[PDB]
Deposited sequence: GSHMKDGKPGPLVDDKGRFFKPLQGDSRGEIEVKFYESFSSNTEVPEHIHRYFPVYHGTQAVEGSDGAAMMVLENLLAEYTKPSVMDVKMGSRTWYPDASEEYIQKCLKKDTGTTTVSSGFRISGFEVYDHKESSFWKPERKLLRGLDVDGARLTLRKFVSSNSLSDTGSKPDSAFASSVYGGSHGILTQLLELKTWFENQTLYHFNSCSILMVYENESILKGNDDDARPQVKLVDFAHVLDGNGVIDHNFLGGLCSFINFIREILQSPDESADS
């Protein structure tokens, strides 16, 4: 429940450069007051990915370490740097949003994950593409993810444990695609040590996106 200490610390932290601040929910203070990200979107497809080569962290209690451990087992969390935990997507041919039960997404394997990452940018639901306008492009997801990556290569302020990337874009017919980080229940001071566990996963994820382009 102490997302608060994070936002308190992070939002005012002037050592984090401004172009990286923009990946984070705007904090208005505190009973907690946060910008809704999806507020500017009309018909948005949205996906949330759990970043991290492991979900746990050494400093967690014993009960919460063994918990995360068995959760990770059999997901793409181990095999790849990350885990697709939910999406919701708009089919243009049927004029409708669909959104699979989240339990079901736990069972995805490496091909499963690549397929789904493509569905995310298809009009179907054989997979088409908005890939060039969501993932690709000079202002798309791949570029944004890269900007993030650069930062994670150097920043030693925070360790983002158990924490998720969020992708979203517009369907209403630009795609206006965006990346954000969410879930800070477990962020810790990375005491002069880069968040390698995240950086690991981020890079893997980046490669998946790049395959597709």
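Colleague: In sequence order, name the stretches of the deposited sequence that have no C-alpha in these coordinates.
Modeller: Unmodelled stretches, in sequence order: 1-29, 60-69, 165-171, 220-226, 267-275.
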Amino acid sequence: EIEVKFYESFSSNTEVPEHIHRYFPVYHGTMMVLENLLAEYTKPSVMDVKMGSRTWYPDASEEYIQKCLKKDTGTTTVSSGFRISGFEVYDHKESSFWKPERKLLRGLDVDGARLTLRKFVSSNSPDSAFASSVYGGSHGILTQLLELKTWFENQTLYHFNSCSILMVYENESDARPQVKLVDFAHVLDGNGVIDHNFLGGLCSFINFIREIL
From here on, numbers count along this sequence of modelled residues.
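Colleague: Tell me which stretch has the larger mean Cα B-factor in this entry, 148-156 or 56-64.
Modeller: Higher mean C-alpha B-factor: 56-64.
Colleague: Which is higher on average in the deposited entry, the C-alpha temperature factors of 68-76 or of 82-90?
Modeller: Higher mean C-alpha B-factor in the PDB entry: 68-76.
Colleague: Hey, out of 32, 167, 26, 181, whose CA B-factor is highest in the deposited coordinates?
Modeller: Reading the PDB entry, the winner on C-alpha B-factor is 32.
Colleague: Please rank the C-alpha B-factors of the chain's modelled residues and tell me whether residue 206 sits in the lowest, middle or highest third.
Modeller: For residue 206, whose C-alpha B-factor we compare with every modelled residue in the chain, the answer is the lowest third.
Colleague: Should residue 143 be placed in the lowest, middle or highest third of its chain by the C-alpha B factor in the entry?
Modeller: Lowest third.
Colleague: Can you tell me whether residue 113 has a C-alpha B-factor in the lowest, middle or highest third compared with the other modelled residues of the same chain?
Modeller: According to the entry, residue 113 has a C-alpha B-factor in the chain's middle third.
Colleague: Consider only the C-alpha atoms of the modelled residues in this chain, order them by B-factor as the entry records it, and name the third containing residue 104: lowest, middle or highest.
Modeller: For residue 104, the deposited C-alpha B-factor lands in the highest third.
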